[PDB]
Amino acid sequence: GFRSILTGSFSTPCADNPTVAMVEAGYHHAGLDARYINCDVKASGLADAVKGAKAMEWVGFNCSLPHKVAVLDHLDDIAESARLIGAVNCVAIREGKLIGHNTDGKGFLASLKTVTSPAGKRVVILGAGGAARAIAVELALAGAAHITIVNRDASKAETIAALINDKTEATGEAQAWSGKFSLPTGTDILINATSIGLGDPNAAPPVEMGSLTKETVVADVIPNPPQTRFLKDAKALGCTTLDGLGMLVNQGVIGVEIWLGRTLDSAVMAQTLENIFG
């Protein structure tokens, strides 16, 4: 049987997106006859690419820049977390119908779940972009007690906190970011969701790191380098840390679970990313 289960990605540009290599290393290890097709899709082409995937009987696809908001017009249904975030980067094709999911905060959550439960937790998020918004939503849905969004543009922080308060069980709070700030002593989870440190081992987010102890799980969305200055400082302060490489891998695992109903191995996929980055 020469038919492979078909998955893929629509984005532009797509050449720097390593998802194909890690997902296919997952497929191979799991002995699944399935493929991940990395497509360069322009904004003008999205509608036809989506229809393509349905006609070619794909079971799902990812969507990256610039298609995350644009894709919503093509959906027949949408997951709660996806809808709250306002963006979709993982579409399932179920019985010819398109269902939108967001995994940008789900990757973080599964990494988080290896070390602690989000339920009842006090969370500080640095950043108020797409990633921060996604992480805040998934945290709140999973039972987090209190989420603080810290951002230079306070109005962006205000938007996320209001979302958290209005639409979830969690308490959301916005904080204007000006200089280093001290963490509340009761902070369980501190997440960098800014672009600080992206391809830059020396740049650290302005937070008072002495207000940070081993009682706080420190996380960073930066995929490469995975060992950011932020995580390296937190580690030396005794904190458990989680990195953006592990998070990115988990987006791939969650995606394939949504598409195929099968759980690929994160360890294998993380080593593929390690290979590519290294």
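Residue positions are given as counts along the sequence shown, with the first one as 1.
Note on 35 to 43 vs 229 to 237: mean CA B-factor is higher in 229 to 237. Higher mean CA temperature factor between 250 to 258 and 21 to 29: 21 to 29, per the PDB entry. Among 133, 180, 106, 122, the highest C-alpha B-factor in the deposited entry belongs to 180. The PDB entry assigns its highest CA temperature factor, among 100, 143, 129, 197, to 197. Among all modelled residues in this chain, the alpha-carbon of residue 193 has a temperature factor (C-alpha) in the middle third. In the deposited entry, the Cα temperature factor of residue 161 places it in the lowest third of its chain's modelled residues. For residue 85, the recorded CA temperature factor ranks within the middle third of the chain's modelled residues. Compared with the other modelled residues of the chain, the Cα B-factor recorded for residue 221 ranks in the lowest third. Ranked by Cα temperature factor within the chain, residue 66 sits in the middle third according to the deposited record.
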